[PDB]
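As you go down the protein sequences, you meet chains C, A, D and B in turn.
Everything in the first sequence is counted per PDB author numbering, starting at 6 for the first residue and increasing by one.
Everything in the second sequence is counted per PDB author numbering, starting at 6 for the first residue and increasing by one.
Everything in the third sequence is counted per PDB author numbering, starting at 4 for the first residue and increasing by one.
Heads up: the fourth sequence runs through residues 6 to 414, 420 to 473, numbered per PDB author numbering.
A virtual CB, placed ideally from N, CA and C, is assigned to each residue, including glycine.
Report on one structure; see the data block that follows.
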Amino acid sequence: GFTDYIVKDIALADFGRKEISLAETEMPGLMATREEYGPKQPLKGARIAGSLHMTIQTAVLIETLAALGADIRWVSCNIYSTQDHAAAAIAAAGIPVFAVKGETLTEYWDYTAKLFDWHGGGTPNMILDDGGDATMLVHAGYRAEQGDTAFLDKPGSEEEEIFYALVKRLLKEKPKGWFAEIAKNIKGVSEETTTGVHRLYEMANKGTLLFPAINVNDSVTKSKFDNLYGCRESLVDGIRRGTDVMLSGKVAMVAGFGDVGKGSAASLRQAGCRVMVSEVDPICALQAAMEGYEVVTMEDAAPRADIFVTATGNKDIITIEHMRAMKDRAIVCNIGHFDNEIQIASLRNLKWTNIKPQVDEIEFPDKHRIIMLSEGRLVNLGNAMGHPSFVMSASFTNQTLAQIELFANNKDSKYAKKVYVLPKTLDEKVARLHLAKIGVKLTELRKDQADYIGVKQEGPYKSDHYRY
Amino acid sequence: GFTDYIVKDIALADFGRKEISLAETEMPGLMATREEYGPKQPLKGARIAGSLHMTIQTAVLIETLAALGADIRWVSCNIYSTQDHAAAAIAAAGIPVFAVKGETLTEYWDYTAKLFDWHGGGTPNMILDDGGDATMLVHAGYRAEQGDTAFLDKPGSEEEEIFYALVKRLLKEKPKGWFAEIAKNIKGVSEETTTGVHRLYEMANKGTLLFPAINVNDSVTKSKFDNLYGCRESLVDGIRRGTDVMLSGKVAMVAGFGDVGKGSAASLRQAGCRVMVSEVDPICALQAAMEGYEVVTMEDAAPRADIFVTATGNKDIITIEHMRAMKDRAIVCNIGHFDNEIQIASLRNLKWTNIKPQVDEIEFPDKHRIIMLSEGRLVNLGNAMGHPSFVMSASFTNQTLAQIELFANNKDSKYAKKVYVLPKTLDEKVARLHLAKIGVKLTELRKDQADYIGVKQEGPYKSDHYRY
Amino acid sequence: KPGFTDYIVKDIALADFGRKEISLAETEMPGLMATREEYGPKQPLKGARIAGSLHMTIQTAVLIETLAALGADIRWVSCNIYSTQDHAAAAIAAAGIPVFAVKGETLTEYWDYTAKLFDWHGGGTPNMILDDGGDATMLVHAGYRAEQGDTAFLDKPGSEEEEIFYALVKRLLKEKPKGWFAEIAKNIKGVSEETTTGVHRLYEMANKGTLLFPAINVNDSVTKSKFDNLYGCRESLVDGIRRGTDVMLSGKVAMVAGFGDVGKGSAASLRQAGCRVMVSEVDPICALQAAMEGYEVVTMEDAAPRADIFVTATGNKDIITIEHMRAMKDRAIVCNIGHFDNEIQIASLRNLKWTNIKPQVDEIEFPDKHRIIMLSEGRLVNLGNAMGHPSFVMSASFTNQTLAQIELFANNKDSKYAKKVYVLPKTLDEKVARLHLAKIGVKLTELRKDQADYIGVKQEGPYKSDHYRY
Amino acid sequence: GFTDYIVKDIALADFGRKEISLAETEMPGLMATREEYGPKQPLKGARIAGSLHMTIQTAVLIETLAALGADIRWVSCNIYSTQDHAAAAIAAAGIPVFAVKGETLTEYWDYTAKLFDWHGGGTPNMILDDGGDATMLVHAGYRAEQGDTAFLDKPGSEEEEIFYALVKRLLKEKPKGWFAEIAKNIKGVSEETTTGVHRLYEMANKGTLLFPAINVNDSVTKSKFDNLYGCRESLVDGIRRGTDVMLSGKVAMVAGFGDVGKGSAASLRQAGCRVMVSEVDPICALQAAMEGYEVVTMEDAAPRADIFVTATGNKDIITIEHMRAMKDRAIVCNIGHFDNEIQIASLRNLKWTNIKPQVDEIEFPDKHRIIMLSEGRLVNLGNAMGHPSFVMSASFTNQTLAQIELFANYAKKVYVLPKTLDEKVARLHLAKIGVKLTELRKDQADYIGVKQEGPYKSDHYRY
Ligand SMILES: NC(=O)c1ccc[n+]([C@@H]2O[C@H](COP(=O)([O-])OP(=O)(O)OC[C@H]3O[C@@H](n4cnc5c(N)ncnc54)[C@H](O)[C@@H]3O)[C@@H](O)[C@H]2O)c1
Ligand SMILES: NC(=O)c1ccc[n+]([C@@H]2O[C@H](COP(=O)([O-])OP(=O)(O)OC[C@H]3O[C@@H](n4cnc5c(N)ncnc54)[C@H](O)[C@@H]3O)[C@@H](O)[C@H]2O)c1
Ligand SMILES: NC(=O)c1ccc[n+]([C@@H]2O[C@H](COP(=O)([O-])OP(=O)(O)OC[C@H]3O[C@@H](n4cnc5c(N)ncnc54)[C@H](O)[C@@H]3O)[C@@H](O)[C@H]2O)c1
Ligand SMILES: NC(=O)c1ccc[n+]([C@@H]2O[C@H](COP(=O)([O-])OP(=O)(O)OC[C@H]3O[C@@H](n4cnc5c(N)ncnc54)[C@H](O)[C@@H]3O)[C@@H](O)[C@H]2O)c1
Ligand code: NA
Ligand code: NA
Ligand code: NA
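As structure tokens, this is what we get:
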């Protein structure tokens, strides 16, 4: 009689469980974290609201949190990233989850709000976020509840107008003071991705951040593994499953050469494309040139490339003018967190023909066409299966450790309403937990060698400013 | 009122047509062939029986042959390689096709026989074959029809048993002399893949080959493109879609370093694996070592690689003893034409658990498991979408030109009952047809330079023994 | 000029060849050349007396002439006994700049030359140090410590170079005016330090409170560490091995100890050239990076009988021991690309039979007749057996150095630099990268104001947070 | 009392011997061939005139031929490819060699002629050639000696005028009939490189080839290894030693994508360049595009590449009009056999400034400059040390087996070694690089239609 969930089809649970079992073998850091902290139950009493792509990998994270004692409600943080068999397995485990691949924007936001109506009464006391949407709902509602309401009628994108409408509906329907009630009860947020962390630092800079936050993205074992190697593996996976094109012989353009753009350019080069890159940061541009990529503007690339990928975390990267100039049936996609890297909204008066889920052909007046993937939302998660389990084990061990820090290890107020990163000893621990699986044999410093370079034999091995 | 087909779901035809249209843009060699030969209708009067993976790419080939005047019947040459939407689109175009992804081996062989019961009555007068199964049916039936039946009672596998039962059934249910009538009427066969060509030369050398044959595999623009770059793109595609594992950090073992093994090892290394290779040919082994691969035996690799790929065209490459020695949840697959590279039958008293279509977990008595892709059949086609269209345009332009040669350019018996390859002029033409699409600007020999090296400005540019 | 004799080089007649390659390097060093054009009119280094201790290569000659073009008075030595390019040294001497640098100088010569930096022409001392590896900095600090009465460390040498260095310190205490090291320390306005090993020495002193003057850590400019250490070694490690040995790399197994910036570049050098590369590491993060890049991560004991080529890239000591070398295959190649020659236990080999093949290449034979090929007697192989990093990447390193000399000498009127270790601001790090883009055809996109606001940055940069790792 | 040689510095012999010893360890095929055939003395009675880059690797080949019984005289086949310490070691070993790094074209052809004045009297009875120059001397002299002398008054290049003057000088000095006497005594030639094999097939098709020839270049274990991997290792070595430029960040243009162009493009891309390629053959062009190289014309490349390499075996690939259009201080070089891929002659009117041996800066009227390596001669051998020893062991094991075949043991006058020998060459190299070959079971061998011991592939297989 468990009914507190919304998924595509609960009957997919058995398939979901099979793939979760397979992913466990590929996620030694999460499984070792269960073994270590299971007995101590550090998350007992935690009520974690999670907003994070409802994939097989996330399901292993969710069950790890639950094995550590947490009570949980979950949604995806993108309308196309859910893996419905993973969602069904979580629902079948009796954990409230509201996540469907292909849900509407209105559904997406209504589901986010359902995180905060805790089963049995009350609110969450922890947030685990990827992209900042659950955090944003709490802050925007609190802003309005304190009487600052005009921003809710500011012009916006289609999704923004839906978000403001949600906040108005909740102010109208929930008891007065609901958002302050939520904000009081949240002990911390851990945030996974570059875009969400930027939103966190903006709030802290403005003094509006309502609770302590750990920036998980900037663990070394997250940013230089998930953002880099994860996209190296999953960008071309998304493009292949969407289009099945031959990548050898093609030219690809990647906007951005931060961690995701580095991984994305490598994904395409390794798969056979000749890759060009755009950048605004002269250091990252020089890195791209030293790695052998031609560094060009998007105006230069638009008539040249076969495949375009936005990897910036910024907005208005590929415009209608660029797409007007592209060759017929050029492929366009986005691997940054949000769908305003490409001017999708400007395309909505053109003729769209759906090819299959997450693949559309868009026809201009002059009859040239472009192939758009996942309507401009995250292509690796929308057209394929996101990053593979092993690299998500590193990200999600960080997440689990950050939840433990904020929920369990803040009894001396070592985390204020500010943004923190995990300490390097824990970053190093995350890496250590993954070495045996992939056959690494680590050397140990002898004492005199440790002394010679000024480190402890057990680490940490690098200064605070080391960049790896 | 058209019913002469067997496909999984005819309602997939619209989706198939959308992806056929997209593939046409990616297949400039086939489309240019339609434009050149369309007006001359060189295949008017041809009745082509095709046995070749019923993919979107094959659908573009089928419609090219039809555009040149051919009447067609088609089947897939593997039980897992059909793309059901491509099959549906062909059926919806009124072309008889008998091809379902996941058909049984009994169905597979019954469908092959249906090639020869031409619609309206009569037989085919051309065969287009990939792997030699349709050609084998004709030759084995002919052998038995002439009185040599004893071999039909000594089946060496379950497949051989189904095939010999089929031959016996056709000898009873088809008219007296049916196999000789087919053999009389077939003007030629063109054969796509290394294994099928081996079978052709076997028959040619023994004097049993019943009609002229063109070896398409050994066109330069087939063997050095499809087998090499096709597998480079589509092997890791199959492994990713089947398993979603992280390839960076994994050790992969490829048996064979011919054209397919070269492309397969590159597929895995480019995707991040550390790749080991086995070989029996010292030249191919030395190539592999010079390309940086460790060259080892399968016994050395068995307990330590994460991923195993057979690429030999030979048999008994990965045995039950190897599989017993493998690490838990190692991945095993085959990209050679036939499944007996892996000893699949030796596994049939173990516990098999299906994960999803074409993915199975096999458990040994000691509880270790292996993950088997497509029950050991061609992994790129079974677990993904085979090679991408652009490279198949080169293979399939060769096939179209070969059909034209045997059907229309044999008035003078230039093709006897032996195996031939297309001339280098046609090989060069196939490459030329593909240059504009990918932006190649070819240089023209000045007249002085052509003289200096002793070629014509228009080619051919290399000796007949040049290896490229 | 005939009157000028204040130098020591191998052969002054190499100056014309030196000048031709300096001219070629100028085209390849746009950052340094742009820094001249920008700051030349302003003469920010007029009055600077710069003691430089840095590999006397063609690239260093373009740095020296940049400093002089900005107004600096200069004395120079190399920071390694095998890294000098004799034609570069000759060209600097022929320009009338005191330089004491010979490829193949002895350790005793090396340290006597370092001391000549501090005997300024016309009297007095330097007032700036530009250091690579910390040796000039160490001479001032060791002498100061001893001169203040703490001499115990001088009597306990534990390597040949250490005993030579300690004997130099004693000699200078004996021969110079009393208080000489304190007078040097008082006059040095700052040191800028190029390399990971030297910067470690600096932070050790700053943490003990013994650092005597402000220091800028140039190694940890993004446009030094993530370019010179990485791409420089990617280009010049295999160059050194090829010139020393002319072996085929395709088909060989290589072992790289360390997967920091130099080890990353070294492993890529060898893989790109065709080797199958194995890596060792002590840091689990760096080990996981190496495994993710496809390298087998093993211990040196596992690698010793397996690999054809060994490269130490750690900055640490005792990486390749006599036990490892005894276990190696016959005619295995061994070399070092970290700053100092104690990564390989070279001293443990000195009673074996050494057969010189050619400069910086030796065959070492064990009693059992097993042989190894040793490059540059375990000293930096890229500089010893080849020409070090190529000019273009050194332009990024040396533009940072020039900017750091301007900071310490000209921009410390308010004492913003105390006696501790600083890095250059990110806007200067970014400027260094900007100066190198046009030469290699990079077209940089301009952020619009709405895009810059969206990611919380100014259109003119800096584009990244302080803790961004690139 | 031996002085029948010309080397730059005989004092380099000890250095040459040390590097020959090192190369022996790296040349397991040559050394295994010495071990197997030394005691058989298959080349006893052979008098081999060799014309092949006088490198450390060639010294190991020479001493292998001698260990098989051969009497030898040797020259280099390029004026800048000799390694003087290798030449000195061969001289010190008592083998006539005439080879100096930097010898002039006049010296080059005088030295080639010395091959044929055998020590003790008589002529050679075998040729081992790389590029066909020794072979061409015999055939041109034979042609003229049979009365057809007018062509010798009509050269097309400075080198051909020197060559023709040599032929005239030999016809004047040597006994009447000398070229026919040489031609009668030469039992065969083995020819190493694509350009030389092109010359042989020209002569065979015109019906003028005077003796059997083995095309060593088209052994699989030569063309698919030396030309490909050898250039992959040694092209960038040459460019680095000549210029010391940073390759990451630069654009490089490679003309040709045959075996040498494939290896050359890979050399540059693996070293960090962004590589463009030209081709005339649509199949090779399509291969380059599918390997991810931009395929362009030289006119497209001229204003924008930083580095240009010719790898065609053809002529007039980089013209003065291309070089006029290049950026200031672009690097230009040639890895094909002959210097006429670049229009060096047309540059001789401009200002040249020597930087160091084999590196020159050439200044145009408008003051832009280009950097020319080895005056357009083979850059890997002129600016560095040619291919490394291990891959030359494969090429030179083929050469040794070919000399045995021609001397001691078809229909076509130019032929290739049989696949069983090609396979043997590869097998000899496997243990040193740690390869473990799998052995077919009898049923597996039958399944694929081969003998367990090979050959494993059809004669048309392209590898
Ligand atoms: N799809 C995934 O699985 C995945 C993985 C991790 C992060 N992300 C997302 O990817 C995005 C990028 O993240 P990141 O970690 O690489 O950030 P980053 O800050 O490291 O890199 C972004 C780069 O974009 C560049 N840039 C900004 N504006 C540009 C412009 N107009 N043109 C060209 N370049 C521009 C920046 O200079 C910067 O170097 C974020 O939205 C992040 O949340 C996605
Ligand atoms: N899946 C596809 O899309 C695809 C594409 C082209 C060809 N094929 C098939 O792939 C197979 C291989 O074709 P190919 O063109 O590479 O053939 P190939 O003859 O070029 O190469 C096969 C290699 O296997 C080696 N080999 C044979 N027995 C071996 C053993 N016991 N252990 C290790 N190595 C062994 C051979 O020496 C040979 O080099 C054939 O069955 C062919 O029909 C599949
Ligand atoms: N030759 C050159 O041109 C050049 C270029 C830049 C720097 N350097 C020198 O190279 C050295 C390395 O510099 P870096 O910037 O890479 O430093 P780094 O700190 O980034 O890397 C050193 C790495 O060595 C590892 N390590 C330490 N002891 C080890 C051991 N016993 N076994 C295996 N790994 C071990 C560390 O964990 C570390 O990751 C320094 O001496 C530096 O001064 C040389
Ligand atoms: N330097 C070395 O050590 C070395 C090694 C092996 C051979 N070689 C020499 O290299 C040359 C190339 O040999 P190969 O084996 O690669 O020959 P190849 O016939 O395999 O390749 C030459 C390529 O050049 C192309 N080509 C001809 N003219 C062209 C033009 N005008 N523009 C662009 N491309 C053109 C051809 O189409 C052909 O594909 C020969 O002279 C050979 O003797 C040099
Ligand atoms: Na996944
Ligand atoms: Na240099
Ligand atoms: Na060499």
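Would you report the Cα separation of residue i and residue j, rounded to the nearest angstrom?
{"i": "A:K211", "j": "C:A257", "result": "51 Å"}
{"i": "A:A335", "j": "B:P44", "result": "51 Å"}
{"i": "B:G297", "j": "C:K255", "result": "8 Å"}
{"i": "A:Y113", "j": "A:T87", "result": "11 Å"}
{"i": "B:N339", "j": "B:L157", "result": "28 Å"}
{"i": "D:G182", "j": "C:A441", "result": "57 Å"}
{"i": "C:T358", "j": "D:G268", "result": "48 Å"}
{"i": "D:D122", "j": "D:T128", "result": "6 Å"}
May I ask which residues mark the beginning and end of the beta strand (DSSP E) holding residue i?
{"i": "B:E196", "result": "194 to 196"}
{"i": "D:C338", "result": "335 to 339"}
For a contact meaning CB atoms closer than 8 Å, what does residue i contact in chain A?
{"i": "D:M295", "result": "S253, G254, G277"}
For residue i, which residues in chain C fall below 7 Å Cβ to Cβ?
{"i": "B:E299", "result": "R279"}
What span of residues does the alpha helix (DSSP H) with residue i cover, start to end?
{"i": "A:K211", "result": "199 to 211"}
{"i": "D:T248", "result": "236 to 248"}
Under 7 Å between beta-carbons, which chain A residues line up against residue i? List them in chain order, please.
{"i": "B:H470", "result": "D223"}
{"i": "C:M303", "result": "Those within 7 Å of C:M303 in chain A number zero; the least Cβ separation is about 19 Å."}
Just to make sure I have the definition right: I need the residues of chain B whose C-beta is within less than 8 Å of the C-beta of residue i. Which are they?
{"i": "D:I443", "result": "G254, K255"}
Report task. Taking 8 Å as the threshold, find out whether the segment 185 to 195 of chain D comes into contact with the segment 131 to 150 of chain D through three or more Cβ pairs. Result -> yes
Query raised in the report: Taking only runs of the alpha helix (DSSP H) that begin and end inside the segment 115 to 193 of chain C, which ones reach a length of at least 4 residues, in chain order?
Result: 138 to 150, 163 to 178, 183 to 190
Requested in this report: Return the chain-ordered ranges of every beta strand (DSSP E) run that is complete within the segment 350 to 387 of chain A and spans a minimum of 3 residues.
Outcome: 356 to 361, 364 to 368, 374 to 378
Query raised in the report: Do the segment 212 to 232 of chain C and the segment 163 to 170 of chain C meet, that is, are 3 or more Cβ pairs less than 8 Å apart?
Result: no
Report task. Specify whether the segment 100 to 107 of chain C and the segment 69 to 86 of chain C touch according to this definition: at least 3 beta carbon pairs, one from each stretch, less than 8 Å apart. Result -> yes
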